[PDB]
Amino acid sequence: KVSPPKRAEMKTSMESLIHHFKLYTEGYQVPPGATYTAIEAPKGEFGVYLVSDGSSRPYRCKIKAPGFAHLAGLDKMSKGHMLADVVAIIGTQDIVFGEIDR
Amino acid sequence: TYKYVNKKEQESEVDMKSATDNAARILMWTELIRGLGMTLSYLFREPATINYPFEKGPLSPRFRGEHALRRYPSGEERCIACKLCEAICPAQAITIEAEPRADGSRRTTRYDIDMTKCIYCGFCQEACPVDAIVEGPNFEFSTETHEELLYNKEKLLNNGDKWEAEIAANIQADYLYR
Amino acid sequence: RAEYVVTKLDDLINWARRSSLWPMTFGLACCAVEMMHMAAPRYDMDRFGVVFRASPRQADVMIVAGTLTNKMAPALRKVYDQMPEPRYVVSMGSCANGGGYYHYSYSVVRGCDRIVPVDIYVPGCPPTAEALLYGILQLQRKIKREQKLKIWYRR
Amino acid sequence: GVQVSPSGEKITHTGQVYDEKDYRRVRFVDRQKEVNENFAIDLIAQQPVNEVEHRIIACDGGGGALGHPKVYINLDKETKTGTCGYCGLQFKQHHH
Amino acid sequence: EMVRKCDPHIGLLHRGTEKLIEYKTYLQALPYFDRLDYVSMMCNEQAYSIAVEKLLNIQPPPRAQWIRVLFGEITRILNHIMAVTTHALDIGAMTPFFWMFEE
Amino acid sequence: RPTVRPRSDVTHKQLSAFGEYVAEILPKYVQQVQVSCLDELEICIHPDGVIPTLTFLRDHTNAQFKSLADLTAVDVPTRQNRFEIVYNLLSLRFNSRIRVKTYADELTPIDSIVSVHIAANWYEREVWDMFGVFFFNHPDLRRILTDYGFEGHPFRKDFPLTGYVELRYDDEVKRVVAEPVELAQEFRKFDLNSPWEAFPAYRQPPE
Amino acid sequence: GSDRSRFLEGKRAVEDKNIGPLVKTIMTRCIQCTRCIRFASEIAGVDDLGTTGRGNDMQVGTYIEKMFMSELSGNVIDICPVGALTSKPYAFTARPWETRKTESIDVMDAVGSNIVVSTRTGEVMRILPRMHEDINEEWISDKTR
Amino acid sequence: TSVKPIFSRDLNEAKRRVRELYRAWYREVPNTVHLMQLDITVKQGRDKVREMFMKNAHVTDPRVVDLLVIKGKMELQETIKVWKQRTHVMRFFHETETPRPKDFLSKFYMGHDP
Amino acid sequence: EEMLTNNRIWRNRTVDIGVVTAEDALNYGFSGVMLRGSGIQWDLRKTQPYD
Amino acid sequence: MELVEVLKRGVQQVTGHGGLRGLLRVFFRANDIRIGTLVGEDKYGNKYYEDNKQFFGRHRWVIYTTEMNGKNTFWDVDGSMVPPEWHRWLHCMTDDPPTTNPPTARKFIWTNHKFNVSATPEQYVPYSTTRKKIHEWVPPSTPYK
Amino acid sequence: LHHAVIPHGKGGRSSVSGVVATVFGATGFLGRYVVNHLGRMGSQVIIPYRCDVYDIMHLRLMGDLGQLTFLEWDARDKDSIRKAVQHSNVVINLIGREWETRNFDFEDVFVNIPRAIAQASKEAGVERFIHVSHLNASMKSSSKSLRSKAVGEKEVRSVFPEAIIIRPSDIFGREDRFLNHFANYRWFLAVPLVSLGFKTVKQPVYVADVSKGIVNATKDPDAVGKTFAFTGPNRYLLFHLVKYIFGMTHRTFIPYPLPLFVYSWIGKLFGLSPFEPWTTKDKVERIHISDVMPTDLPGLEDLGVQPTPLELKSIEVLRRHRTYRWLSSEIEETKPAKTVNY
Amino acid sequence: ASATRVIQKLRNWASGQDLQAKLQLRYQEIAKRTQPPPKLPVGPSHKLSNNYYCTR
Ligand SMILES: COC1=C(OC)C(=O)C(C/C=C(\C)CC/C=C(\C)CC/C=C(\C)CC/C=C(/C)CC/C=C(/C)CC/C=C(\C)CC/C=C(\C)CC/C=C(\C)CC/C=C(/C)CCC=C(C)C)=C(C)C1=O
Ligand SMILES: NC(=O)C1=CN([C@@H]2O[C@H](COP(=O)(O)OP(=O)(O)OC[C@H]3O[C@@H](n4cnc5c(N)ncnc54)[C@H](OP(=O)(O)O)[C@@H]3O)[C@@H](O)[C@H]2O)C=CC1
Ligand code: SF4
Ligand code: SF4
Ligand code: SF4
Ligand code: SF4
Ligand code: SF4
Ligand SMILES: [K+]
Ligand SMILES: [Zn+2]
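About the cut-offs
- Residues numbered from 1 in each chain as written, not as in the entry; some residues may be left out.
- Chains lettered and ligands numbered in written order.
- Part of a larger assembly, values for the part shown.
- Heavy atoms only, no water.
- Near = heavy atom within 4 Å.
- Polar contact = N/O pair within 3.5 Å; in protein donor to acceptor, adjacent residues only side chain to side chain.
- Areas by Shrake-Rupley, 256 points an atom, 1.4 Å probe, with all protein chains shown as cover.
- Helix = DSSP H or I, 4+ residues; strand = E, 2+ residues; numbered from the N terminus.
- Nonpolar A, V, L, I, M, F, W, Y, C, P; charged D, E, K, R; others polar.
- Donors = N, O, S within 2.8 Å, 3.2 Å for Na, K, Ca; no water.
- Buried < 20%, exposed > 50% of the residue type's maximum accessible area, 1.4 Å probe, protein only.
- Contact = heavy atoms within 4.5 Å.
- Buried area = accessible area lost by both parts, 1.4 Å probe.
- Salt bridge = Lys/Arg side-chain N within 4 Å of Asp/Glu carboxyl O.
- Patch = residues over 30% accessible without salt bridge, like charges linked within 9 Å, V, L, I, M, F, W, Y side chains within 5 Å.
- Pairing = 2+ DSSP bridges.
- Axes fitted to C-alpha atoms, helices over the stretch in contact; angles between N-to-C directions.
- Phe/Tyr/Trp six-rings, centres within 6.5 Å; stacked < 30°, edge-to-face > 60°.
- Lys NZ or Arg CZ within 6 Å of the ring centre and 35° of its normal.
- Core = buried A, V, L, I, M, F, W, Y, C linked by side-chain atoms within 4.5 Å.

Looking at the method and resolution fields of the entry, one finds cryo-EM and 3.0 Å.

Colleague: So what's going on with the site of ligand 1? Which residues, and what values?
Modeller: The environment of ligand 1 is formed by 19 residues, the closest being C:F26, C:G27, C:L28, C:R53 and E:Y38. One finds residues of chains A, C and E in close proximity to ligand 1. For ligand 1, an oxygen atom lies 2.5 Å from a polar atom in the side chain of E:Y38. For ligand 1, the protein covers 44% of the area, taking 1,500 Å² as the surface of the free molecule. At the level of elements, α2 (30-39) of chain C together with α4 (62-91) of chain E are the ones that each hand at least two residues to the shell around ligand 1. Sorting elements by how many residues they give to the shell around ligand 1 places α2(C) first, with four residues. Looking at the shell around ligand 1 residue by residue, the class counts come to 15 nonpolar, three polar and one charged.

Colleague: I'd love a proper account of the coordination of the potassium ion (ligand 8), names of residues and values included.
Modeller: Residue and element names in this part refer to chain G. The coordination sphere of the potassium ion (ligand 8) contains the protein donors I77 (O), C80 (O), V82 (O) and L85 (O), at a distance range of 2.9 to 3.0 Å. Donor residues for the potassium ion (ligand 8), ordered by position in the chain, follow I-x2-C-x1-V-x2-L. Assessed through its relative accessible area of 10%, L85 is described here as buried.

Colleague: Can you tell me about the interface of chain A and chain E, naming the residues and giving the values?
Modeller: Contact with chain A, which involves 52 residues of that partner, is made by 49 residues of chain E. Interface area for chain A against chain E, summed over the two sides, is near 4,300 Å², with a carbon-plus-sulfur share of 67%. Its largest share of buried area at the contact with chain E, chain A owes to A:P42, A:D101 and A:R102, together 15% of the area lost on that side. Here chain A and chain E share two salt bridges between them. One salt bridge connects A:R60 with E:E18, and the closest N-O pair in it is separated by 2.5 Å. At the boundary of chain A and chain E, one finds 19 residue pairs in polar contact. Only β1 (33-40), β2 (45-52), β3 (58-64), α3 (66-72), α4 (74-77), α5 (83-92) and α6 (97-101) of chain A provide two or more residues apiece to the side of chain A that touches chain E. Considered class by class, the residues forming the side of chain A that touches chain E number 27 nonpolar, 13 polar and 12 charged.

Colleague: Please set out the coordination of the zinc ion (ligand 9) residue by residue, giving values where relevant.
Modeller: The coordination sphere of the zinc ion (ligand 9), as far as protein atoms go, consists of D:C59 (SG), D:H68 (NE2), D:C84 (SG) and D:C87 (SG), spread over 2.0 to 2.3 Å. Mapped onto the sequence, the donors of the zinc ion (ligand 9) take the spacing C-x8-H-x15-C-x2-C.

Colleague: So what's going on with the arrangement of the chains? Residues and values would help.
Modeller: No other pair among the 39 pairs of chains in contact exceeds the contact count of chains A and E. Nowhere do chain H and chain J come into contact; their C-alpha atoms are at least 19 Å apart. Between chain D and chain L there is no contact, and the shortest C-alpha to C-alpha separation is 14 Å.

Colleague: How would you summarise the pattern of salt bridges if you had to cite specific residues and measurements?
Modeller: Applying the stated rule across the entire model yields 115 salt bridges over all chains. F:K174 is the partner of K:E175 in a salt bridge, and the nearest nitrogen-oxygen pair spans 3.5 Å. Taken together, the positions of K:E175 in the loop between β7 (171-172) and α5 (179-183) and F:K174 in the loop between β8 (165-170) and β9 (175-180) put the pair across two chains. Residue K:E175 is classed as partly exposed on the basis of its relative accessible area of 32%. In this structure, H:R100 and H:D113 form a salt bridge, with 3.8 Å as the shortest nitrogen-oxygen distance. Highlighted residues: H:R100 in the loop between α4 (86-90) and α5 (104-109) and H:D113 in the segment after α5, separated in sequence by 13 residues. Residue classification places H:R100 among the partly exposed positions, given a relative accessible area of 32%. Salt bridges linked by common partners bring B:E97, B:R110, B:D112, G:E98, G:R120, G:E123 and J:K133 together as one network.

Colleague: Describe a nonpolar patch on the surface, naming the residues involved and giving the relevant values.
Modeller: All names here are of chain E. A surface patch of nonpolar side chains, about 500 Å² in accessible area, is lined by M42, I67, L70, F71, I74 and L78. Considering each element in turn, the nonpolar patch owes the most residues, five residues, to α4. Relative to the helices and strands, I67 is located in helix α4. Judged by relative accessible area, which is 36%, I67 ranks as partly exposed.

Colleague: Would you mind going over the site of ligand 2 in detail, with residue names and values included?
Modeller: Taken together, 25 residues are adjacent to ligand 2, and C:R155, K:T27, K:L30, K:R50 and K:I95 come closest. Residues near ligand 2 are shared among chains C and K, making this a multi-chain site. At 2.7 Å from an oxygen atom of ligand 2 is found a main-chain nitrogen or oxygen belonging to K:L30. A distance of 2.6 Å separates an oxygen atom of ligand 2 from a polar side-chain atom of K:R50. Its residues assigned to classes, the shell around ligand 2 comprises 12 nonpolar, seven polar and six charged.

Colleague: Go over the sheet that holds strand β2 (residues 88-92) of chain C, please, and point to the residues and values.
Modeller: Residue and element names in this part refer to chain C. Pairing is parallel across the open sheet formed by three strands, whose spatial order is β1-β2-β3. Strands at the two margins of the open sheet, each flanked by one partner only, are β1 (61-65) and β3 (120-122). Sheet twist, expressed as the average angle between the axes of neighbouring strands with direction ignored, equals 15 degrees. In this fold α2 packs onto β1 and β2, with an angle of close to 130 degrees to the strand it touches most, β1.

Colleague: Could you give me a rundown of the packing of aromatic side chains, with the residues and numbers involved?
Modeller: Across all of its chains, the model carries 63 aromatic pairs over all chains by this definition. Look at A:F68 and F:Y123: their rings are 5.1 Å apart centre to centre, the planes differ by 65 degrees, and that puts the pair in the edge-to-face class. Here A:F68, found in helix α3, pairs with F:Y123, found in helix α3 (residues 120-131), and the two come from separate chains. This pair shows no difference in class: A:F68 is buried, exactly as F:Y123 is. Here a set of aromatic residues connected by ring pairs shows up, and it is made of K:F178, K:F182, K:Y185, K:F188, K:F270 and K:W278. Lying across the ring of C:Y153, K:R102 places its NZ or CZ 4.8 Å from the centre. Positioned over the ring face of K:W326 is K:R325, at 4.2 Å from the centre of the ring.

Colleague: Account for the nonpolar core, naming residues and giving values.
Modeller: Grouped together as the largest cluster of nonpolar side chains are 111 residues, with contacts concentrated most on A:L50, B:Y111, C:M62 and E:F33. Not counting chain neighbours up to four residues away, the residues in contact with C:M62 comprise C:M24, C:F26, C:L76, C:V79, C:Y80, C:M83, C:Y88, C:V89 and C:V90. Formed by 92 residues, the second largest nonpolar core is a distinct cluster that contains F:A73, F:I85, F:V116 and I:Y28.

Spelled out as structure tokens, the structure:
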């Protein structure tokens, strides 16, 4: 009821086929609630604030990217420096803009 | 546990020999000469470049390439118009209009896959209960127009007929894992 | 025969333009990560004669590699316009092709062909670096097929 | 089997041919309209009927997990052969 | 050449990922996380998977957990290779970029 | 049971005790304190006490939550105050995480906590850009993720997924122009809701 | 239910019927719940459906080749929980997650029964009944279906 | 009834803030037209500013007027800088799209739209 | 490491550039690598381990 | 010594491609001079050599045919000119060439491979396999009644 | 109407307008604006081309996913013309040159090709044929091109009796050969005008106005054989027009009286060129031929197009030709030209 | 791997480290591309008894 069964079991079993069908059409229902899960990603603390309303779709998914806070702090780090060391500071902050912009 | 990367434990004091060593390191550019030697060794190594169109890069039987619609060994199409691949398609790239055929079998009339919308994730081929839609190993199918990447059922069946000699072998090598 | 001389001259200029392709140091996303994996030592584009240049004035082909945002689109159009005349566009990946995973987003241009004229579409998400090199060689063949002097002579 | 419209273009296995006055044939002008030649309905029509002994026969696609989900077909009607819903294979009870 | 103020305008890669995720199911929203940080794909997948597992009150099997840690450290090597070598490329040296990109 | 997570009632009890501690220290602002079965502490406060609550949690000796992890908003457009502003805070000293909730509507701003945490600058810019929640005393509060001339706040529930306008290059004016959106595909909504309830623990009483 | 099957035997199979041009019967997937029998006896009142046999061999339908064609006969397609009794015109065309539902009323009958039009991609795919206890209860007629 | 103000106690100082914003936009229009090489004239831009104020000029709620002033100040700030480009500042004119006619005959001749 | 670390050009380019104090990093909410670069002993894999 | 052995392998590679014409052909088409064990010679003319002393990636290669499906591919070598079985062997999904382990023969598998046909008259154009879903009307050919 | 030609869909760029149209001069200068308007409103546009695919690359956008079908054609290939026009409600003819090449002259370009296109359209049974002639291409004109356009106008009328014939004035716009020509007069010492630019009256018309007029003509219930005169709202003397052009350019303005005989000699000298000539004898003759007063012919006003003035849409053309000193100058820095009535 | 002794000595001395032991080109020590078929284990709750879903 969460993971899809193996394909052989799906093709030979009734409950397995029903669960394969429902997981690949509707998906599993996540019980309602909100969590903040933080993982030590290589660029920094990568967080997901997930809010579930009880259905098979997330009500809210906030993505906390470390690069957001780092680039917010870029102006503070770049004090009394030039263009070249500003380039260096951008490099030394582990910055990818997919996670920053989302 | 933890460790320091730039902290030093105590000091090595001041000595004439150590001072001469540091002076020679500064004046004679010893670490610069060392970096020169490193890239010289890389010069005398063998390059990792492959001759591209004649030597292709290595792959795996799990590789997600160009989509294809398969057939039974009798020649009958495997797809049974069940639409759960487009239900699971995270990009909504599949359109599966369908109707009963002349012999009454449940088949598709429109099976379109927008390759410019598809994210090449294999969810359709792992959701298909009859192994109809597959993602075969073709990746050199770049086109000169946007329209040629808007596949229909005829194009997908043609790809399935073209690549069946390889797709079937890959599924044979792979199906015990999935 | 003037047709033969014009054809051979056109073949010469097409050979020059296809042997010296300078893409721009311009990417957007994961597709540009695969683009520099095509720059990596394995599938050496510099061996193919393909070498990045940072300025659009020294560029020949824009490899649109990533998601073309609405906020990004004037920048991409300005950068493309600032190229000199024999310029090409290789759309790379589903985002640059037709929006891809972000097709129904409020902020994504559904394909970079709404903004710039695209010469070669490279499918994938991401297309492999081998696939991008395939698209580059297909572009080389496409500009090998061009007959500018012959069209001028029969004009 | 592919057929040819009086306009000239080929007819697909779901017959969808553009009419004479339909403008959407400039997309095929100087290009081609590709039709898969192997029509699955004909290919499964030319497959022989399997003679089996039991009243109920189990069908896969020809492999343990490479085929379709394993179904059961009841061959009680002597007048018509039982066709599996996933493939197009037909089974007949050998009542002699 | 001295920098008096930095103002980074972002959003030129904003694609409404959170809105699309709330419009799709959980398994459908999984490959968005591969594209959030497209250098540590397995790491973002692990983050989203642990969030959904915590909401579901289930645990992955030990072999799955060990594989996830193995590919987490593989993503960490990939991301630190990328960070160090592109930082050195922006500084001015490109040979470590080529070597570690072969790796 | 190899498929079910462990519970950690010890850290559930610790978070409950700290919730009592904060709720009795700040009765002027705290409206609700809850601890989930996932062992996460949420403190729901009045919007007037955002600055004192965040300052207390930033530098109190027993509650050093000096790092602000997340600042987001959730649009629930069925309550009177349709925006729930959520702060996720991290305590490195005590190795803990807390969540502080407040509410807002479209015309009720919340005091910014840039004076408490500097990351709140960009986080509140994102909240304003995506939900239209104004923030008092914010230095250079403006859009951060939308286009420059963008109208509307797209993370709201009533905003369409595809937006109202789309961009294309026009050769007559030689520009990138905005048009009303016209999809060639029309994103197909799927009614993926089972008519049978899945969790009897969350069965709401009938109206 | 559970998430797995302990059944290691062969499943039964039942020959299909030809009950009409409206209701397609795939009776292998019938679960012997007699809902169609109770409907056709009490509401439709035709008394043509029933159970023949015993045990696992018990089958639902008509013993003879009977053309079950009355008004209010697509409501067995409605009330059959499994896909044993499906709509023959709505054969394989759509799926419920595909279909957008618009709640409307009915014409070509002055009862004005409440219906749901299930469309998909700008095309009417199915007509289902609605629930109005003062007009049509749960079901509609064959002409409006 | 009994709401919390955000800047203005009543409509008068809200209108004062509106007048200040309008003065700022009116002064900034010539500099914008000179700096960004706009095809339009100074008169057209000031008329467009008046048009935007007029299309927002039917609201009598002080909080909504204050929020409109705040958003106008943000737009004016990104026009004071060159954060907005020529495309962004010419999006106010709708030079490409054809307006839908306001008459029933035209809206009947094309489309099933009210 | 040999190409970059002891190189005096790389050292002049990176040493005392973008110096972040530990308190400023905590207040700005960096939380990833800038903390341990400024000396803050924090790593989620050690403090709040998950797998 | 080692240098004379390197020169011996070099002159072997030089005089290992047939003659001078074959050496120049492979050198200006494939841009390398190497001797590998012939394992291929498919039906279209592609050669498929291998050499296990080379590192992974350069240990298998193809010399393309100079003619395929009417196209003069002497210089316009293409990555899609490889038929699927040699494609699998060349991309190293298996260690078995399709000469000792041929693929399963099916009647619907294409007997002739086609390369990338973009910007050619034989390219792909999309349709709408729909059968129009709507039939309007035919007014009568007889005027009035 | 066939079911695929019903104009269903709000607005444009993704809708169907039922304006399936073969545009023959689409690769040029007016053709790009016509194709832009057709693809904007959402229409099947068939573009026959003879130049390079790179030269038609700028047309490859401004159409939504197969709404623009490009196909090669030759002006001496009736089969190519027939296969271009065989699926089209409307055929728009924009073929023209400002000079004569070794293969095609003015007579062929303005007579034989339009007659062949109209004949193929009539045999294919298209519904509308729009043909772009020139204003004051009446008959017995001083220049060969205007006489050829008159003869071709007669030929198109004879073959296709209900062909709409649109006669614009000297069209101005971006990448035109009128405003850019007069702005490129700055590369020489002075401006060599005939009779100091007096006794020559022009009313130039905007490209967007002409293309909007063509699109409204291919949708209009009227215009089933009518002739339109597409002119600007103001008539200027040539001297005042060139003075306004150089004022907007901010370069300088020294005029020079040059008789038409030696000016035609200089035009022939410039036209002796294997590339696109900078100017020619026919070009200077059309420059110094005055526009006629459009009295009885309909125009943009009753085709539904408001004629945009040159004083409004002039900065977007002439800002290229300024130096850096005068690049950031507005409209009000240049006084408008005096408008004559005559 | 196919390098002369003099070139190997030059590479090792110039790099300062032994390169033939850990050269970054893969020759033969990698796994064969054709593998024997696997037999993946089933996890818990495949017990056919004492395996009601309400208890897990
Ligand atoms: C995670 O976040 C992200 C990033 O952050 C890390 C990103 O970065 C990012 C953007 C990513 C990209 C854009 C990817 C692009 C890739 C890279 C940045 C890495 C690739 C590497 C490089 C760019 C460095 C290349 C290094 C080199 C050493 C290559 C050498 C290059 C050169 C330019 C120098 C050599 C010179 C040339 C190539 C040209 C030389 C030749 C000529 C000019 C010819 C001139 C000669 C003559 C005129 C002679 C004529 C005279 C004669 C007499 C001849 C006679 C002629 C006759 C005909 C007879 C994205 C999107 C991103 O998400
Ligand atoms: N532009 C103006 O100021 C005015 C123009 N007109 C008329 O309006 C029409 C369109 O104007 P305009 O855009 O300026 O013209 P252009 O100079 O831009 O050329 C129009 C098109 O004609 C094509 N063409 C020319 N000669 C041939 C030929 N021999 N065979 C095939 N195609 C050919 C060109 O194709 P290719 O690029 O492939 O050569 C081009 O696409 C013309 O008839 C012109 O005379 C009337 C009044 C004023
Ligand atoms: S690979 Fe993924 S995105 Fe592509 S068609 Fe399949 S399910 Fe859709
Ligand atoms: S391809 Fe497979 S999953 Fe998709 S509709 Fe057909 S049978 Fe179903
Ligand atoms: S197509 Fe896929 S890989 Fe490429 S930029 Fe988009 S999300 Fe990234
Ligand atoms: S309603 Fe359906 S499941 Fe129930 S007895 Fe009738 S056919 Fe069987
Ligand atoms: S969908 Fe329901 S009725 Fe149909 S086969 Fe599955 S369980 Fe049986
Ligand atoms: K049913
Ligand atoms: Zn079967």
